[PDB]
Structures are given as structure tokens and as C-alpha cells.
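A.B. asks: Input: one structure, supplied below.
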Amino acid sequence: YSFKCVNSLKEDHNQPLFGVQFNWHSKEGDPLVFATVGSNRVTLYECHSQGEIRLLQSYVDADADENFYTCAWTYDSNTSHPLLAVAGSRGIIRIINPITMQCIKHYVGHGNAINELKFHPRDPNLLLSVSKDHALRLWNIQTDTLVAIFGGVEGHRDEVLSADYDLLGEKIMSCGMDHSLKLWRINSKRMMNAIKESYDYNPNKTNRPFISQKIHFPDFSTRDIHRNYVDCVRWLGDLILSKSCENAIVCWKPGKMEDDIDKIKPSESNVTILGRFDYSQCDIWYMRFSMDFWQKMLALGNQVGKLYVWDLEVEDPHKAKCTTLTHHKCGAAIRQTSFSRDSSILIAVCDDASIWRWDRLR
Amino acid sequence: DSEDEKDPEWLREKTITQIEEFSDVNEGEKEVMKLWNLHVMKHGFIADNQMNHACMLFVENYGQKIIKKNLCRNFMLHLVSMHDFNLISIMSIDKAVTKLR
Amino acid sequence: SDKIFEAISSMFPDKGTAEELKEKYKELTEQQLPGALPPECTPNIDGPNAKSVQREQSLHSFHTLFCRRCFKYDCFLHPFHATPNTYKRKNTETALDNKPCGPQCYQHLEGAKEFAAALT
Amino acid sequence: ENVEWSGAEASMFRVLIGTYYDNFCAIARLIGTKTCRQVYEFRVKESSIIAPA
């Protein structure tokens, strides 16, 4: 439980970055690779020993002005090539193949900026895209068809911000500016019929446009947790985690401690809070936390450049942990944290187009 | 294909749900109200001279169900109410239960 | 009760009212419930629990729910504040013919066949 | 005859009287529990104790 600054870098365009994503699809032993997106550029690096990090590749968009926002690593079932997709303010989604160093797929169906991208833990052709259009879409990146559109008569009213798959990949949570957090399901018969259909469609075959699925109702929701924005949520086994600009992270479960997660009636009107976590100076929004693939530690960026670290272990959240690893160079802000498949290294992005690196000493 | 018609899915859902909010009702009533209002939506009846044909077609579709629901007796109570609102003649109320079997 | 309700309403926008305060006061003072049918339980006809009741309560819900114009229950574009089916109608618009209603005919039995005109 | 007149069927008669006021042959035809004479009979039992129209 000790990371040390073994390297720190800085870009040249000096425009703030947002994204950090190790490729968690490393065949055991392969080098550590990770990427980061900035104003209108992407960056490819590789972790080396002795705090060495090596520039690998970088692309850029010129034909317009955009501030890229998110990324996600996946692969191709067909030939196992690594796959990275990104999206920015323009609201378009691109798909790049580093093996050929080209973009092979682009998607345009939103109406505003995008805010996050994630994949189904099991299926690799299912991309979830969260936007400001109040609508959370979901694509089959392989047959080039939309599937669902969550939002409508009972959706979010203002600029959905963040979402998160359950650990197994059948349940989602969503959070946006309207203090509102709503539950969606995927396991429903209708849903999976739809998905299977999606995996089968030839445009040349029919004169019909594929028929998506519109969903106008959350499985459950409330706004009683915070009295401010909510901009990042994390499934916890069957528990919940969320942050606000109120300088505290909270864990809770819906209903009562006795209430199972999978028996919850849609008209449920109660929630159970368990504990709180604390920190200092997160007085702005759009700042995220991450966790190890082994769900044992917690990382979080900070406004003034600090850090705050806990353990996801039996440490009682009343007095679970407190670990602040700090350096004296930048205190502008830190947007996002990221671990490898193991807990070896931890990266974070400062607000000034500067990178950091922290090598763990257990 | 003109991607537009009178019945939007989300509406059918919303109305049933809203009905279920009510506490002071028996299932032998809510089921009826829903089974009817949905068919109302399905065709868009406006003119009063239609209401006779309306209840006719209604059971003409939902015959098997109300039987399978064993709910015809409250159907008749509804027929009562509707005649009370001056849209049925007695010359058809019975006629419904007749065509029913 | 009153001042405590006001303080709770002030400290909480979720409650924000003494109406819910008196509702919980009544729920805690009595702590009992007649049933899903109203405090005057009106079980259904098509069900087992039957109870002969006058016509009014039998049609009460139906009257207190209908929206005549759109011909629907709970008009989504009509407020329900209105007058019930309590109105006037032609009391004599029938055939009014006496006949053998069958073996157990109401007519064909001079007791009832004459009490009908007597009850007229 | 003192016959099975279910509270369901009996409230049912209570409603059906507000509909014809003079026809046992139809009311009982709907209320399959009673008998048309028994309807006349129950009227002589109950509707004899009814309020004026």
C-alpha cells in the first residue's frame, strides 16, 4: 500500500485531458498499454520499468473543433485485435484499429455531447453511450444497428452524466444533473429477444428498417440521496456507490437492508443508506473515481492535486481507511484514476495536459 | 410506411399504471376499466351514434377473455352506468349478454 | 401536533406539510385498515365475498370515475369536477306488454299478475 | 318460495329495479339465480317494502 511518483509527463498543446484507460484485455504477460485523449488528440503509451513510459501512437481530428471526452478498450472476436472507441462534444462515436492505425466505424445518432462509454462485461459488441440528450443509447457495434433508447415520458430530464454496468452485466444505474438516479434492466425477456434479433438482420434482405426498442420507465428511482449533482456511480456487488459536489462519497442499497435486489417493486419508495466516505475540495463536478479489477482498493483524483485512497476490504467504512499520496508539482485538478488488471501501477491526469505515474510498493 | 398512428405504446402503459394508483377499487373493476379504455383508444370513438356498435364490438373482441376472466357480471354493471349516461338503450344491454354466449 | 408539524415541514421539503403529519397521526392513533374496498367495503360482484347493497354504492365508483366527453375513465384532458349521472330520463319508454314469462312467470299468477298493477 | 338470492344477485336486483321498475321477466332473465315468479314474489317480499317512485 504505497505508490511513488516514478514518472510524470506533460503534453505540448496544454489543453486539459480527461481519459485514462489501461487495456484490460492483455494476454497474460503482454506489456502494459494505456491511452489518453485530450482536446482533439489521442495518445498511445506503454508502461515500462523504472518509471519509464514510451510514446507509441497518436491521432488527431482537424476538420472540426471538439473536446474528446471518453474512451474504452475492447477487442475483436474475429481476429482478436485491440479496439478503442472515443467520442467528444460533437456527439459522434469513432472506432479505431491500432493494428491498421485506422478508424473502421463511426456512429452518429445523438443530439449533444457524449459523456461516457462502457461495454457489456460478457458480450463485446454491445456499446452503451450516455449523452446530454437525456437518452442512453446502446448499439450492436458489429451489425451496425441500434437496439434500445432508454428515456422518455419517465426518463431523465436534464443531461444524463454517468452510468455503470452491474458486475455480471444485466443491470445498469444512471445519474445526471437532476439529482435523479434510475434503475434499468436488461434481463427481461423482451430485452434479450431484442438483442438476439439485433444479432440477425440483413438490410439487403428486407425492405424494412430494423425496429428498435423504446423504454419509457425506470425499474426504480429516487432523488433523496444528494441535494446536488450526481456524476459517477459504481455497482458494488449488489450495493451502490455515488458521489456529488458535497465532498462525500456514499454507499447505499435500495429499500430496506432485508430487501433483496431482484424482488424490488417498481413503485418502491424507500432506500437504505449504509455509510459515507469523506475527502476535501471536490467543489466542482465532472470528477471520477475508479477501482481495481479485484475490487479491493479505491482511487480518487482531487481538485488541489492531492489523492485519497481506501481499501475495499473489511475495513469498516466508519473507520475504513485514509491514504493520501501527494506530490508538489501540480495541484490544478485530477479528473480520473485507473488501475491495471493487477494493482501494479496507477495513473491520473492533471488539469494541465500533464500526466502522472505512481508505482505501488505493497 | 408513415411511422405514425393513433396508438402510442407508452400511452397504453401509462394509463394502466395510473389506474393502479387507485386504492378504493376492486380488481373486478380495474380490470374492466382497463380492458375497455384500451379498446376505446384502439379505434377512436367520437360520435354518440357509435356507442351502440361500440359495446358490441367490445365483447365481440373480448368475449373469450371476460369469460376466462369470469367477469361478465361487472361488465353488466358497466352497461348500467353507461345507459345511465344516456348512451345505451335498454334494447341492447341484454343483447350484449345474449351475444356473449 | 401542530407546531411540531410546522417545524418538520420547515426542516424537510420532503414532508413540507402538516397534512401528512395528521395522516401519520391518524395512522398511528388507529393502526387498522378495513380493506382495499373503501372504508365502506364494496367487494366485487364477480367474486366470492358478496353482500347485497343498494344501487347507489353499487354504481358509486363508476359514476365517480367516468368522463363523458372522451368516453373514458380518467380523461387525461378533462378535470373530473362535474355532476354525476344524477339527472332525468323518460320514465315511460318501453313496450309494457303482459305475457306468460314462463313456468315461474311473474304474470300467469293472479297474485303477482294483479299486484303488478297494484304496485303501479 | 324462500330461494337462494345471493347478496351479489340481491344487490343486483336492487340495481336492476332502477332500470325497468316493472319487468320481472327481464330482471330475473339477467339474474340467473332467482325465478320470475319469485322475482315477483321477492318484490312482494322486498319491493312491497320499497319507497314510492
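Going by Swiss-Prot, the residues shown for chain A are 80-441, listed in order.
Backbone N, Cα and C define each Cβ position, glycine as well.
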A.B. asks: Pick from A:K197, A:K293, A:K385: which one does Swiss-Prot list as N6-methyllysine?
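C.D. replies: Record lookup, Swiss-Prot, feature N6-methyllysine, residue A:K197.
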A.B. asks: Quick check on the record annotations: which of A:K89, A:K284 is tagged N6-methyllysine by Swiss-Prot?
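C.D. replies: A:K284, according to Swiss-Prot.
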A.B. asks: Looking at Swiss-Prot, which of A:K268, A:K335, A:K398, A:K408 is flagged as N6,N6,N6-trimethyllysine?
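C.D. replies: Matching A:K268, A:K335, A:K398, A:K408 against Swiss-Prot annotations yields A:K268.
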A.B. asks: For a quick check of understanding: among the modified residues A:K197, A:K268, A:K284, which residue's Cβ has the most other Cβ atoms within 10 Å?
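C.D. replies: Sorting the candidates by Cβ neighbours within 10 Å, the top entry is A:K197.
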A.B. asks: Give the residue counts of the repeat 'WD 4' (A:234-275) per reduced DSSP state, in the order helix, strand, coil.
C.D. replies: 8 helix, 17 strand, 17 coil
A.B. asks: Whole-number answer please: how many Å between the C-alpha atoms of A:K197 (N6,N6,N6-trimethyllysine) and A:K284 (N6,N6,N6-trimethyllysine)?
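C.D. replies: Between the alpha carbons of A:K197 (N6,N6,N6-trimethyllysine) and A:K284 (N6,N6,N6-trimethyllysine) there are 31 Å.
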A.B. asks: For a three-state summary based on DSSP, what are the helix, strand and coil counts in the repeat 'WD 2' (A:142-185)?
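C.D. replies: So the counts come to 0 helix, 22 strand, 22 coil.
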A.B. asks: Between A:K284 (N6,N6,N6-trimethyllysine) and A:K268 (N6,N6,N6-trimethyllysine), how many Å separate their Cα atoms?
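C.D. replies: It is 26 Å, counting Cα to Cα.
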